[PDB]
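*Asks:* Below is the sequence, then the experimental coordinates.
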2 protein chains.
Amino acid sequence: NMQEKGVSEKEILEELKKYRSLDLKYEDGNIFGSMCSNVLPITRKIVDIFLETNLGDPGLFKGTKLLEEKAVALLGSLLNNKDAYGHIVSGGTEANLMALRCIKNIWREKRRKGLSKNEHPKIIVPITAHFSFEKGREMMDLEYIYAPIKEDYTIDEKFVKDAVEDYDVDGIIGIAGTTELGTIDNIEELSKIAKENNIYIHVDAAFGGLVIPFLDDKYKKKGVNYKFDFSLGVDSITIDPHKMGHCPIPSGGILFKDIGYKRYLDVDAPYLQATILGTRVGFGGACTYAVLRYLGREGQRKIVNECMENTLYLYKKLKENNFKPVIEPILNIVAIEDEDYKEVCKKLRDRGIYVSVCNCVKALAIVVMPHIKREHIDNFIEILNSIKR
Amino acid sequence: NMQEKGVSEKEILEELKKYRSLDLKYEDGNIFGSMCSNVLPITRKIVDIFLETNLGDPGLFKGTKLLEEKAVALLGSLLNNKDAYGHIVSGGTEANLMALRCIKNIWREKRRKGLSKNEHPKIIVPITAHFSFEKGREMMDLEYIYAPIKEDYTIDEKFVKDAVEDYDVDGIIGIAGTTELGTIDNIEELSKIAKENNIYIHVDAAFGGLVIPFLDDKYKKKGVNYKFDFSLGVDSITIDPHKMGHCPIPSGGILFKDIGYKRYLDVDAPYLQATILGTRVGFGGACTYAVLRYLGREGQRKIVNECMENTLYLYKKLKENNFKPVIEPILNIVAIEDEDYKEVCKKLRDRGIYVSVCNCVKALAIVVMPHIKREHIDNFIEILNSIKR
């Protein structure tokens, strides 16, 4: 209940710390199923410096707004596009929703001209798509053509091509690093289909965008295509600094091929900004720029390939103990086949091991973020073996 | 451009500080038109403690999730509802969008049963509504019936009542503290109309919700109704800690009358959370709870009525200098009539005074947040007099 009298700073901080003590902490070897991790320590100072900024009012924070533009330019350069137009937004969800808004407004323009027989935008989406695409469908009344996945759990490119011939398609979604298994759709083929048919293509690289460009060749697999960025001519890319960019939440990224896409993000206010949010942090842009500058490609390569080394270690231990990984890992994600995954996950949770559950297959998914070290993997294998005894 | 080699912490921090130096700062007497201000200093420690939490994964942060529930309960108690269901979200925009989603899904349920002749939800919205309502309309394909405002710039209640008889209405929006003038719609009458016709009513108290409950009686005006909360039976209320709650961005609030509204926030994921965002900060809930506890009603009353004292001072000086305020202030907002407001605003901006421009009237709007002190108001009056000479 709200009280008349205030309390002391010592009282309220001690209470909050008690609540914090009930949380898990990334560095304690409990969290195995999350795509967030410890932030780069430098970002704590940056959050402090930029706490009292608001990119919803950029005319008041000219320098913080410039840092957002510079963060976007660095991400754009990483993705092979020196002219990208974009924003440092609240996360991959808002990023994906903005792309969907752009796809919808391109369709709206067509409908206004009689150039579309679709009463709602028709968008081809793989069934591996993150839940944010369902939030967008539900809110924006989109019509999704769900694309099946092949045996390697990547989108069926022939289905997409056939569907594009069969229907009037307003967008195609490809995923560069799926949530459950870390697989990479064949963006190169999808972008060829999209370009040939003049269809908008969005790449969801929320997770993979800050991993794929840094992978050592020994982790790359023959036959797997790792191309996903603006070198393929795609229209937009979601990329999430607060996942494998080690930035504090909220630090999401949305990049469009060029500034011509901005007009399709406009909103008509008859009695009255491209982001969905209004008031919004300025420290995400500052952190995204600073972390990429501080690390350079070299520093991020080191972190990414350390994670991959621990990922292949876990893969190795899993097989050595007769567990069946769903696939040989593509990114720093491994999943364990198990018909009894629901209950094994709950048994793991009761022993202090928190994994996530897949949807496209009966399995436990582990995300080997930088906080997962070899000793945590050893401890995980012991606890799981025991659960199975 | 992205570089191979990293840089030192000293290099990147000094660069960021240079960019920060180009920003305005709330405490420097430049910012007059914003509803954000300096955060309560205790929140810097809280942000640090809770930086590495994620309410998108509450199973991993049980204590931070409890603090969100406690923050919501304190806001609910402030709004006369000990059973409110809600969330500490990214801001008033996401809060308003979630309410609109709820209104739409109530309508969808009716449509599924043949109980609605509306092909889209029809929502009565005053023309003073914040831009976030237009974002919701554009994204969710809502049909708005724009309600006119009366001479006191509050919604025309008779129009709403007539419109509700004339049409099948799926929602009503009332504003408790408008963006441009700080006026309070007659929520009591609107809630009576809504209850009698079984129409969902949402109250946008993003700004007013943390001001109105704390106003000293000398600032209240005869004939103005200050009732706006769940004591009126309304369905939902937006309230923004990162405005007059002195909390860091992102700290927005959405409260529903009870937990029965949660099901209308569900999203059907055939191949797979009530917030729009996924990954999201945990420090907003911690800060909202802590600031309300630390201040108590007493501490917030002091800040609110200090602002009102400075608001009426500015009002007094304005008239003393023959400027025409749009209205006698209701909340800590005053606006200055001026046919030449566009250019006067730009002249003010070139002299370091940043105000905002109204849409419903030709005027400059000043928000007297806690960072505005008597000497800033004196300086503002001198600069404006000079601009007029």
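*Replies:* On my side now, so go ahead. Residues are numbered from 1 along each chain as shown, chains lettered A, B, ... in the order given.
*Asks:* so who does residue A:168 touch?
*Replies:* With contacts defined as Cβ atoms under 8 Å, 6 or more residues apart in numbering or on different chains, the neighbours of residue A:168 are A:116-118, A:122. Using the backbone N, CA and C atoms, a C-beta is placed for each residue, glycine as well.
*Asks:* Okay, it and chain B: tell me how far apart.
*Replies:* 19 Å (Cβ to the nearest Cβ, to the nearest Å).
*Asks:* Let me know the helix or strand that that residue is in.
*Replies:* Residue A:168 is part of no helix or strand, with elements assigned from DSSP states H and E.
*Asks:* State the distance from it to residue B:308.
*Replies:* Look at residue A:168 and residue B:308: by Cβ to Cβ, to the nearest Å, they are 58 Å apart.
*Asks:* List buried members of the contacts of residue A:168 by neighbour count.
*Replies:* Buried residues within those, counting neighbours by 16 or more other Cβ atoms under 10 Å in any protein chain shown: A:116, A:122.
*Asks:* Of the contacts of residue A:168, which is the nearest to chain B?
*Replies:* Each of these was scored against chain B by Cβ to the nearest Cβ, and residue A:118 proved nearest at 14.0 Å.
*Asks:* Let me see the backbone angles for that closest one.
*Replies:* Per-residue torsions, residue A:118: phi -90, psi 130 (degrees, to the nearest 10).
*Asks:* residue boundaries of the strands in the stretch 1-150 of chain A?
*Replies:* A:85-89, A:122-126, A:143-147 (DSSP state E, counting those that start in this stretch).
*Asks:* Need the contact partners of the first one.
*Replies:* Okay, so that is strand A:85-89. Counting contacts by Cβ under 8 Å, 6+ apart, the residues touching strand A:85-89 from outside are A:55, A:68, A:71-72, A:75-76, A:95, A:98, A:241, A:250-262, A:274-277, A:280, A:284-285, A:288.
*Asks:* Only C-alpha atoms, please: export that strand in PDB.
*Replies:* What follows is strand A:85-89, C-alpha atoms only, in PDB (Å, rounded to 0.1, in the frame of the first residue of the first chain):
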ATOM      1  CA  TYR A  85      18.900   4.100 -42.300                       C
ATOM      2  CA  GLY A  86      17.800   2.800 -38.900                       C
ATOM      3  CA  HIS A  87      17.500   3.200 -35.200                       C
ATOM      4  CA  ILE A  88      18.700   1.800 -31.900                       C
ATOM      5  CA  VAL A  89      15.300   0.700 -30.500                       C
END
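*Asks:* Could you give the separation of that strand from the chain centroid?
*Replies:* Here strand A:85-89 shows a centroid-to-chain-centroid distance of 14 Å under the convention Cα atoms, centre = their mean, to the nearest Å.
*Asks:* Strand partners (parallel or antiparallel) of that strand?
*Replies:* When pairing is defined by DSSP bridges, strand A:85-89 lines up against strand A:252-256 (antiparallel).
*Asks:* And the second one, by the same measure?
*Replies:* The strands beside strand A:122-126 in its sheet (DSSP bridges) come out as strand A:143-147 (parallel), strand A:171-175 (parallel).
*Asks:* ok, and the closest non-adjacent residue to the residue in the stretch 201-350 of chain A that chain B sits nearest to?
*Replies:* Taking Cβ to the nearest Cβ as the measure, the point where the stretch 201-350 of chain A comes nearest chain B is residue A:296, at 3.8 Å. Leaving aside its chain neighbours, residue A:296 sits nearest to residue B:6 (3.8 Å; criterion: Cβ to Cβ, 6 or more residues apart in numbering or on different chains).
*Asks:* likewise residue A:319?
*Replies:* Leaving aside its sequence neighbours, residue A:319 sits nearest to residue A:325 (Cβ to Cβ, 6+ apart; 6.9 Å).
*Asks:* Just name the most buried of the strands of the stretch 1-150 of chain A.
*Replies:* When you average the neighbours per residue for each of the strands of the stretch 1-150 of chain A (mean count of other Cβ atoms under 10 Å in any protein chain shown), strand A:85-89 leads with a mean of 27.
*Asks:* What is the neighbour count of residue A:97?
*Replies:* Residue A:97: 26 surrounding residues under other Cβ atoms under 10 Å in any protein chain shown.
*Asks:* Repeat that for the one 3 residues further on.
*Replies:* Summarising burial for residue A:100: neighbours were counted as other Cβ under 10 Å, giving 27.
*Asks:* What of residue A:237?
*Replies:* There are 33 residues near residue A:237, going by other Cβ under 10 Å.
*Asks:* Pull up the pairing partners for whichever strand or helix holds it, direction included.
*Replies:* Counting by DSSP H and E, the element that carries residue A:237 is strand A:236-239. According to DSSP bridges, the neighbouring strands of strand A:236-239, each with its direction, are strand A:200-204 (parallel), strand A:252-256 (antiparallel).
*Asks:* Not counting its own residues, what contacts the first one?
*Replies:* Yep, that's strand A:200-204 we're talking about. A:92, A:96, A:99-100, A:102-103, A:106, A:129-130, A:133, A:170-176, A:187, A:190-191, A:194, A:228-229, A:234-238.
*Asks:* So which elements touch the longest helix anywhere in chain A?
*Replies:* Among all segments of chain A classified by DSSP state H, the helix with the greatest residue count is helix A:283-320. Applying 3 or more Cβ pairs under 8 Å, 6 or more residues apart in numbering or on different chains; DSSP states H and E, one finds that helix A:283-320 contacts helix A:42-50, helix A:62-78, strand A:85-89, strand A:333-337, helix A:374-388, helix B:9-22.
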